[PDB]
Amino acid sequence: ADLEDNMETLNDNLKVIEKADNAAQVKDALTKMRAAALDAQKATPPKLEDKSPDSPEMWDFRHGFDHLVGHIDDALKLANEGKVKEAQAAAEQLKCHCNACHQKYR
Ligand code: HEC
Ligand SMILES: [Ca+2]
Ligand SMILES: [Fe+3]
């Protein structure tokens, strides 16, 4: 529901994907990461809570989720075709995009 909830949904299911035994389990966690990322996209981070919603930082925030969802969708294609290792490495690519948004706005 709130930005913290979604942030932990991303964090949790990253672990699920790391520990998964097949690609369908990976696809499961990713689908939950997809929904958590779009929810997060709608929130206003406390760091930016004093900024215009039309401000360059507010669009940067939202566009980081666009890029994160784009990674998830490309990991899903792999996951849906049974390549568990490829899809798990796909998800590991996400981490640098997590961290990059954190540096600015966490
Ligand atoms: C901005 C475009 C983000 C991206 C992409 C990701 N995260 Fe994030 N995260 C972001 C903010 C602005 C915050 C602070 C929220 C607040 O209420 O102060 C966070 C915080 C987290 C946390 C822990 C903090 C908490 O409230 O529990 C975690 C565990 C976390 N974020 C995880 C995470 C992961 C794994 C991501 C990549 C899949 C990721 N985040 C992306 C902003 C953004
Ligand atoms: Ca793509
Ligand atoms: Fe990228």
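In short, a report on the structure. (Residues numbered from 1 in each chain as written, not as in the entry; some residues may be left out. Chains lettered and ligands numbered in written order. Heavy atoms only, no water.)

1. A short note on the overall build of the chain
Check the secondary structure of the chain and you find 4 helices and 0 strands. Moving toward the C terminus, one meets the helices and strands of the chain in the order α-α-α-α. In terms of its C-alpha atoms, the chain occupies a principal-axis envelope of roughly 45 × 20 × 20 Å. Across the 106 residues in the chain, those meeting the buried criterion constitute 34%. Partitioning the contacts of the chain with sequence separation of at least 6, the portion at a separation of at least 24 is 64%. Surface summary for the chain: the accessible area is close to 6,400 Å², and the carbon and sulfur share equals 52%. (Helix = DSSP H or I, 4+ residues; strand = E, 2+ residues; numbered from the N terminus. Buried < 20%, exposed > 50% of the residue type's maximum accessible area, 1.4 Å probe, protein only. Contact = heavy atoms within 4.5 Å. Areas by Shrake-Rupley, 256 points an atom, 1.4 Å probe, with all protein chains shown as cover.)

2. Considerations on the coordination of the iron ion (ligand 3)
Protein coordination at the iron ion (ligand 3): the donors are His-67 (NE2), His-71 (NE2) and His-97 (NE2), at 2.0 to 2.2 Å from the metal. Written as a sequence motif, the donor residues of the iron ion (ligand 3) are H-x3-H-x25-H. You can see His-71 sitting in helix α3 (residues 56-80) and its partner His-97 sitting in helix α4 (residues 84-105), a full 26 residues away along the chain. Residue classification places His-71 among the buried positions, given a relative accessible area of 17%. (Donors = N, O, S within 2.8 Å, 3.2 Å for Na, K, Ca; no water.)

3. What about the environment of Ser-52?
Mapped onto the elements of the fold, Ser-52 is located in the loop between α2 (23-42) and α3. When its relative accessible area of 39% is taken as the criterion, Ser-52 is described as partly exposed. Here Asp-54 takes part through its backbone nitrogen, which lies 2.7 Å from a polar atom of the side chain of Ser-52. (Polar contact = N/O pair within 3.5 Å; in protein donor to acceptor, adjacent residues only side chain to side chain.)

Nothing here speaks to function; it is geometry throughout.
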